[PDB]
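Here the structure is laid out as structure tokens; the discussion comes afterwards.
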Amino acid sequence: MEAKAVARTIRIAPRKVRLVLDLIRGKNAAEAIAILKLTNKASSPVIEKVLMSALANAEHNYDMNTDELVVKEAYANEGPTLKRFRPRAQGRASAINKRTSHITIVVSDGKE
Amino acid sequence: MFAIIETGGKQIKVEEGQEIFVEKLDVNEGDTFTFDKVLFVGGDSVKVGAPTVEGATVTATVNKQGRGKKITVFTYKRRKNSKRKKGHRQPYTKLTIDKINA
Amino acid sequence: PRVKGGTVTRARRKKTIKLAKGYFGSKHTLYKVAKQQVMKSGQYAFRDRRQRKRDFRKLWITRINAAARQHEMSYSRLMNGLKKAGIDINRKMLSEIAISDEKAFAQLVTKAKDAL
Amino acid sequence: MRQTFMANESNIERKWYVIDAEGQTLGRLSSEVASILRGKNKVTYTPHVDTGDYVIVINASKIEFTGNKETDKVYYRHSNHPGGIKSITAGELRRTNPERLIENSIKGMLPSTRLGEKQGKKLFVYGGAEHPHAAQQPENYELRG
Amino acid sequence: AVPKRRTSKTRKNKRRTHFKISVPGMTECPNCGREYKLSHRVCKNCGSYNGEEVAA
RNA sequence: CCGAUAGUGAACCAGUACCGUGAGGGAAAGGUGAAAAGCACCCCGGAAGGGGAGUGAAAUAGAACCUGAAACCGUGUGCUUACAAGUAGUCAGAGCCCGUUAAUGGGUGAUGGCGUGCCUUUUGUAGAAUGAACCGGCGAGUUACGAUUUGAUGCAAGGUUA
RNA sequence: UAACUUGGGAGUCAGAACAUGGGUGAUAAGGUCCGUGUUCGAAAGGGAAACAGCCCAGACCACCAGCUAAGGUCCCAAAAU
RNA sequence: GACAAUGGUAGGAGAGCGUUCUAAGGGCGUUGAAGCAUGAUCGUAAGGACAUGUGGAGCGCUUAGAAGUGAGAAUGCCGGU
Ligand SMILES: [Mg+2]
Ligand SMILES: [Mg+2]
Ligand SMILES: [Mg+2]
Ligand SMILES: [Mg+2]
């Protein structure tokens, strides 16, 4: 059928996450769990949680099975932007952007 | 067998059953206009001729007498303060053919 | 009574930008650039209508001469043959004739060649 | 806009011709030839496409030059490195790679467009009196000189 | 020193046809029934590179 | 007369935070819904966050809560693109696809012709002279008194009030 | 078919090239200073390869009609090898 | 119906569109206002209706009057990207 799950205000930029997604989009679940769960980065824990969480809600609420579950689409969008500033020479400043994110996964089975 | 006619200041090729557009004639719908100037009719019995081949008459129906697509005019000189803009539609008259030369 | 100048500006700017559909990069989203590119467009039209008339006169002449090289009647001998014959038509009909039917054109050239 | 015949890739015809190069001069030839390949001299001419014909040219070597410009007509390219100019050859190129000579002498009477460079590929020159392309049932052709 | 021009939305993307990252090596376990990476250890259950030789 | 970049600088915990040794200078920041009825309960999760279930007419109104544009960023997809010299469009136009505020239709566009941005200042600028990173907002001939002429209007050798 | 007066309102006072009679300068200058006239400036379009001023000519709008001007007719690039 | 004119900066004259508010008249609005978005529509232009979606309470129209009445550019202020 359809299924999804979300994470919001996650304290990572979009891009660094977006690469990791481009290792995902199209696969089957089990594989993608593995793919995330091995690569040594900071996003892999998070996406792993959100993915398996999505399978959780799909299982409990919608009563699916796990074989045919595939990643229909996934994408991360921009979030609030905690402006900071690091000092710098000659009496000046420079405003860092501590970025955020809103991760979106939509697990699907494809059938009814 | 087709023939060549005159209208406005220009000409058209017509085969019988064909449609045409042309600048306005100011003759309402269904009032079948009949041309009087013709310049050529070929095919089988070929008759090229003097201007206004005589004995030659076309008939046709006035389907629609509408208006055109509003093209924009616009233009300007550069680095100066000048410009202009004024649309212009066009009237036309839409005919199809019965009875190539009488 | 102060006047919030809003509520029109955006609308005007949409009436511009929506004449920028098919333009490249940031020319189809931004007001400024699409304004000035539009103005180039309208001007270009105002020379292009003229230009198409010039063009198709060239084209028709080209095709016609490509016909009358068959009888080795270079294009000018012909036309002078036509003004002398006491007949005259446009171009584009010599084109469509000499494209869709050959024989008719041949009979024209006979009618003109014999006036020289 | 109104009626007039235009020409497509499917409303088309293309042919393969022979031309003797011997006993003939270079100007007259290249002009008339690229007056073929350009699509001119056909009443289906439409210049947003290629009604370009094909042409075969045989026995280039016997072409001839009037006056000097046997030798005092120099050809120049540049190798894009500095001081890499080359007068390296002259009209003696007729002796060696004469086919190249013609094939550049025509491809300057054509534009640099994408079309114009497609036409020029529809030419095949042979300084020798043989050709492989007889499969096409090619024709002869008579120039006006 | 500096750019003179604005780097448009195309070239910023074409330039990024190579920040992708490679599909890492993978294979199922020989008797731990799951995936891991090649010429490496499982991290589970008892370690299985040829079978258990470790605890962690 | 203004209706949150206006109007007190200040609609809110402002002469505050802040800056400066000090005189002193000086901010940004309104809105859930009718009523708090402000998400019991299950599930993943360490949490946060979320999917469900429910309150409510509506929760894509769920607290960073009316409306939610543009820049900007993405996900997918109809068309198209790897011998090609491009102020980027326009004109002509095949091919492929689609069907409208139903009319000389709309989306894309192989290929050809044609074509050196905008304002300012200038004898003249593609200009290698200047300004603009984009977009949203703001923002510049006003008012009194008086003279003068123009047009109108009422009276008329009279007219007019402070 | 314009000319004059009165009244209201301004703008302009840095001009350039081409030809032409001249001064200066070296019978030098895309020079400078004057008279004379044109065009540009405030005017596009066709030709001069390309171009503010040279040459033909003064755009109300639209047409897939025609005849001509300067300049051109082998290909590029329409038109007489 | 004829005849003729209709390039144009500085600049002079004239007719005009829309916004906010007011006065008067006449009208619309949960059986969904305004705004917003989309659209292949009308007008010579500035511009205006219409259909649909979102939106959740005020708005248009005719006549005339007064204006803080229009913004692409200030090495412009602010905000966001
Ligand atoms: Mg507000
Ligand atoms: Mg201006
Ligand atoms: Mg100067
Ligand atoms: Mg701005």
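Quickly run through region B:75-91 and pick out the residues that are away from chain C (no Cβ under 13 Å), touching a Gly at 6+ places or on another chain (Cβ under 9 Å) and in a loop (DSSP other than H, G, I, E, B).
Residue satisfying the conditions is B:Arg89 alone.
Would you say A:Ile10 is within 10 Å of the chain's Cα centre (by Cα), over 23 Å from E:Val23 (Cα atoms) and surrounded by 17 or more Cβ atoms within 10 Å (Cβ to Cβ)?
Numbers: within 10 Å of the chain's Cα centre (by Cα): yes; over 23 Å from E:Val23 (Cα atoms): yes; surrounded by 17 or more Cβ atoms within 10 Å (Cβ to Cβ): yes.
Taking the combined requirement at face value, the residue satisfies it.
Six or more apart or on different chains, Cβ under 6 Å: which pairs go from a residue in region B:62-74 that's part of a strand (DSSP E or B) to one that's near RNA strand H (Cβ under 8 Å from one of its atoms) and not hydrophobic (A, V, I, L, M, F, W, C)? Could you list them?
B:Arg67/B:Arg89; B:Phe74/B:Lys85
Looking at (1) away from RNA strand F (no atom under 16 Å from the Cβ); (2) of a type outside the set (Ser, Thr, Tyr); (3) over 27 Å from B:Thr52 (Cβ atoms); (4) surrounded by fewer than 13 Cβ atoms within 10 Å (Cβ to Cβ), find the lone condition where C:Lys103 falls short.
All conditions pass for C:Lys103, except number (3).
For region C:27-49, which positions are within 14 Å of chain B (Cβ to nearest Cβ), more than 16 Å from RNA strand G (Cβ to nearest atom) and of a type outside the set (A, V, I, L, M)?
Hits for region C:27-49 are C:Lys35, C:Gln36, C:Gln37.
Going through region C:1-19 one residue at a time, which ones are within 14 Å of another protein chain (Cβ to nearest Cβ), more than 6 Å from RNA strand H (Cβ to nearest atom) and not β-branched (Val, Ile, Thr)?
Correct list: C:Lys15, C:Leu19.
Look through C:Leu116, C:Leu82 and report the one residue that is away from chain B (no Cβ under 13 Å) and aliphatic (A, V, I, L, M).
Going through C:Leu116, C:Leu82 in turn, the sole match is C:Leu116.
Listed here are the residues, each with its yes/no results for (1) away from RNA strand F (no atom under 16 Å from the Cβ); (2) at the interface with another protein chain (Cβ under 10 Å from one of its Cβ atoms); (3) within 26 Å of the chain's Cα centre (by Cα).
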| residue | (1), (2), (3) |
| --- | --- |
| C:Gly25 | no, yes, no |
| C:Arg54 | no, no, yes |
| C:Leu59 | no, yes, yes |
| C:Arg63 | no, yes, yes |
| C:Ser76 | yes, no, yes |
| C:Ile97 | yes, yes, yes |
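On the given criteria, is D:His78 touching a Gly at 6+ places or on another chain (Cβ under 8 Å) and surrounded by fewer than 15 Cβ atoms within 10 Å (Cβ to Cβ)? Reasoning before the result, please.
Working: touching a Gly at 6+ places or on another chain (Cβ under 8 Å): yes; surrounded by fewer than 15 Cβ atoms within 10 Å (Cβ to Cβ): yes.
Taking the combined requirement at face value, the residue satisfies it.
Which residues, taken from region C:65-100, are without any contact (Cβ under 8 Å) to a residue 12 or more places away in the chain, closer than 21 Å to B:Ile4 by Cα and basic (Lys, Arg)?
C:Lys83
Within region A:24-39, does at least one residue satisfy the condition of being more than 8 Å from RNA strand F (Cβ to nearest atom), within 14 Å of chain E (Cβ to nearest Cβ), assigned to a helix (DSSP H, G or I) and among the polar types (S, T, N, Q)?
no
A quick yes/no check of all residues on (1) under 19 Å from C:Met93 (Cβ atoms); (2) of a type outside the set (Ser, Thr, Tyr):
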{"residue": "B:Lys10", "(1), (2)": "yes, yes"}
{"residue": "B:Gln18", "(1), (2)": "yes, yes"}
{"residue": "B:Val41", "(1), (2)": "yes, yes"}
{"residue": "B:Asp44", "(1), (2)": "yes, yes"}
{"residue": "B:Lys69", "(1), (2)": "no, yes"}
{"residue": "B:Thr72", "(1), (2)": "no, no"}
{"residue": "B:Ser82", "(1), (2)": "no, no"}
{"residue": "B:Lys86", "(1), (2)": "no, yes"}
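Out of everything in region B:14-47 that is surrounded by 14 or more Cβ atoms within 10 Å (Cβ to Cβ) and out of contact with any strand residue (DSSP E or B) (no Cβ under 6 Å at 6 or more places or on another chain), what residue ends up being farthest from the other protein chains (Cβ to nearest Cβ)?
For region B:14-47, the residue satisfying everything is B:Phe33.
In this analysis, Cβ positions are derived from the backbone assuming ideal geometry, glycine residues included, and neighbour counts consider all displayed protein chains. Every number here is computed from the coordinates shown, using simple stated rules; none is lab data.
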